[PDB]
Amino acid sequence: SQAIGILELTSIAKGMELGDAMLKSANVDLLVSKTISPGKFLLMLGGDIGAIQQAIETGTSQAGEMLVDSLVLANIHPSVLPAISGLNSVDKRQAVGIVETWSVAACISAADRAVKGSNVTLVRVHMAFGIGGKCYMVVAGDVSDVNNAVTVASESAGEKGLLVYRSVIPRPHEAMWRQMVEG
């Protein structure tokens, strides 16, 4: 019911300019606004699909030759948005699931399918290094629920050859727990 918009620029100044322009252009939330090596800039927005399409249209329209890439992912479960900008609260501890993908697009699509095909909580979506790099989702819930979520997410990414690894970790060790659910 929500949408994610991604805009990547070769200029950090243009990135900040376009972040400003897009936020003014439509009712959208800023999820990510950061510099990526070597010196590119990444913006990710969340909001209604109409708003996101117009925001990304505005951004692409004004990027010129500084435009690197852009994407709109429609019909994304609402919990995915705060999982990109930060952390969702864990309401169950029994198990953690982690699915690692190439690309944040594959990760987002897999996380969406996971949440929609199970009763797990999507805790966070992490990008190790920009939108083309290793990304991973972390889910939490009952072991059976986590297994379902991880399977669905893995199938999503794997169909594309973009699954790196999947892991179901019941009863995570106390010394790993914080890193898993908070980073």
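Note that residue numbering begins at 1 and tracks the sequence as displayed.
- On average the C-alpha atoms of 58-66 have higher B-factors than those of the other stretch, with 151-159 and 58-66 being the two compared.
- Remark: stretch with higher mean C-alpha B factor among 68-76 and 108-116 is 68-76.
- Which of 144, 121, 27, 33 has the largest Cα B-factor in the deposited entry comes down to 27.
- Looking at 140, 137, 51, 42, the one whose CA carries the top B-factor in the deposited record is 51.
- Placement of the Cα temperature factor of residue 81 within the chain: lowest third of the modelled residues, per the deposited record.
- Among the modelled residues of its chain, residue 87 has a C-alpha B-factor that falls in the middle third according to the deposited record.
- Sort the modelled residues of the chain by CA B factor and residue 10 lands in the highest third.
- Per the PDB record, residue ranking by Cα B-factor puts residue 173 in the highest third of the chain.
- Sorting the modelled residues of the chain by their CA temperature factor places residue 94 in the highest third.
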